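Residues per chain, in single letters:
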Amino acid sequence: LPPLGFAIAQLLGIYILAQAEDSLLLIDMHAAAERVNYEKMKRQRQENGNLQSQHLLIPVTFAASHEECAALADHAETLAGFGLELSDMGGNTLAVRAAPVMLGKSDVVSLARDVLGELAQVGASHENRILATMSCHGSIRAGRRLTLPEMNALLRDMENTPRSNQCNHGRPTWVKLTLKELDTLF
Amino acid sequence: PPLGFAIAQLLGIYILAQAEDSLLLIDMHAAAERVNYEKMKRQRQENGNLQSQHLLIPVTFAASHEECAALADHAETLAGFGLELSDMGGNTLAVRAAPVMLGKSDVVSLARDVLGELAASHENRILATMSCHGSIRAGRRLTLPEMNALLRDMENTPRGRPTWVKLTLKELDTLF
């Protein structure tokens, strides 16, 4: 499998550069990972009817605005279907006991807040909150992508996952430079 | 652990103890009444009498007329309850000794109960009638160190209102 590229390193915070047969390729990690996460979450939603969940140490100290607690009082079965299981601590606070896998890694409060504030005004009936709203984690925002034996895993983003070239707007998420970057040296 | 660890009191009747579950409201007077009842019965079936304690400056009751004759009736029963009392004169009496585990109290009340019961047989006037002292009624609430000792009430003792937990964030429903 000669892939898109072979990840070689990071680029100052937002790009991941990968060498291939052509040249080094600059993948916008957050954008490409948002695309692939949206794709994988919808593929895992059309099948089995729920997102993959995961628990975790150290719950989050939600702080849970008033009516979001009542939204959790409303059937949390849908919340379990989004991979987010969370519990009430008292007064008007919460804490997530389980976050969906494929995101993790921080700020689970934002994901749970998005879906829980969506639980107001039951009608659901849209299901396109699983997009950038629920994909409001993407990959790592600007910090770290390990020591490379996971960078190639994101470099495998668009293999067997469609909607590659055109992003959520049309902005490219990868290659611009070719082997003929020697012109830049003039 | 278990039953918690006493942290404070609530206005004079409750002692709240912190546990792994939550804080538990113990009715200190009722809990002490139960523990004293159990201790007195345990000290009664064994040794056949309660532990007496002589005290300074005895208290003199009032001693209605037939109660003096009841004292003339065998006082060894009163000594069996840990109550030694003498006649001062006229129609009045005074406890030279009071039972331990009850100590400071309206000792006149305990003596009067056991003496007015002498109007034979029976044994269970050692219950709340003799536990008409319990702990200190609603004050003086000795601090946390001995509060834990009170929290060891049902430890070593079995046995009509319950004397503990209600906190399950039901006060949350009462306030939210």
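Residues numbered from 1 in each chain as written, not as in the entry; some residues may be left out. Chains lettered and ligands numbered in written order. Part of a larger assembly, values for the part shown. Heavy atoms only, no water. Residues with missing side-chain atoms left out of burial classes, pairs and counts.

- Per the PDB record, the structure was determined using X-ray crystallography to 3.50 Å resolution.

1. As for the overall build of chain B
So, step 1. Along its length, chain B carries six helices and six strands.
So, step 2. Starting at the N terminus and walking to the C terminus, you meet the elements of chain B as β-β-β-α-β-α-α-β-β-α-α-α.
So, step 3. With the C-alpha coordinates aligned to their principal axes, the bounding extent of chain B is approximately 65 × 30 × 25 Å. (Helix = DSSP H or I, 4+ residues; strand = E, 2+ residues; numbered from the N terminus.)

2. Considerations on the overall build of chain A
So, step 1. A count of helices and strands for chain A gives five helices and six strands.
So, step 2. Counting from the amino terminus, helix and strand elements in chain A follow one another as β-β-β-α-β-α-α-β-β-α-α.
So, step 3. For chain A, the spread of C-alpha atoms along the three principal axes comes to 65 × 30 × 30 Å.

3. Quick word on the sheet that holds strand β2 (residues 15-19) of chain A
Residue and element names in this part refer to chain A.
So, step 1. In spatial order, the strands read β1-β2-β3; together these three strands make up an open sheet with antiparallel pairing. Of all strands in the sheet, those bounded by a partner on one side alone are β1 (6-11) and β3 (24-28). Going across the sheet, the axis of each strand differs from the next one's by a mean of 30°, ignoring polarity.
So, step 2. As paired strands, β1 and β2 are joined by five bridges and run antiparallel to one another. Directly across from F6, in β2, lies its bridge partner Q19.
So, step 3. Seen against the sheet, helix α1 (residues 29-46) touches β2 and β3 and runs at an angle of roughly 65° to β3. (Pairing = 2+ DSSP bridges. Axes fitted to C-alpha atoms, helices over the stretch in contact; angles between N-to-C directions. Contact = heavy atoms within 4.5 Å.)

4. Quick notes on the pairing of strand β6 (residues 92-99) of chain B
Residues and elements named next belong to chain B.
So, step 1. Buried residues dominate β6, accounting for seven of its eight residues.
So, step 2. Pairing analysis gives three bridges linking strand β4 (residues 52-54) to β6, with the strands arranged antiparallel. Across the sheet, the residue bridging to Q53 is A98, located in β6.
So, step 3. For strand β5 (residues 84-89) and β6, the ladder comprises five bridges, and the chain directions are antiparallel. Bridging from a neighbouring strand, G89 pairs with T92 of β6.
So, step 4. Here β5 folds back onto β6, and the loop between the two strands holds two residues, one of which, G90, carries a positive phi near 60°. (Buried < 20%, exposed > 50% of the residue type's maximum accessible area, 1.4 Å probe, protein only.)

5. Side note on unusual backbone geometry
So, step 1. With an omega dihedral of 0°, the bond running from B:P1 to B:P2 counts as a cis peptide bond.
So, step 2. By the element assignment, B:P2 lies in the segment before β1 (5-10).
So, step 3. A positive phi angle, close to 70°, is found at A:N48, a residue other than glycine.
So, step 4. Note on placement: A:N48 falls in the loop between α1 and β4 (53-55).
So, step 5. Phi is positive for B:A62, which is not a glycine, with a value near 150°.
So, step 6. Among the structural elements, B:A62 can be located in the loop between β4 and α2 (65-72).

6. Re the sheet that holds strand β3 (residues 23-27) of chain B
Residue and element names in this part refer to chain B.
So, step 1. Here we have three strands laid out as an open sheet, ordered β1-β2-β3, and antiparallel in their pairing. Each edge of the open sheet is held by one strand with a lone partner, namely β1 and β3. For this sheet the average axis-to-axis angle between neighbouring strands, irrespective of direction, equals 30°.
So, step 2. The pairing of β1 with strand β2 (residues 14-18) spans five bridges and is antiparallel. For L10, the partnering residue across the bridge sits in β2 and is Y14.
So, step 3. Docked against the sheet, helix α1 (residues 28-45) engages β2 and β3, running at close to 65° with respect to β3.
So, step 4. The sheet contacts of helix α5 (residues 144-151) involve β1, β2 and β3, and relative to β1 the element is tilted by about 105°.

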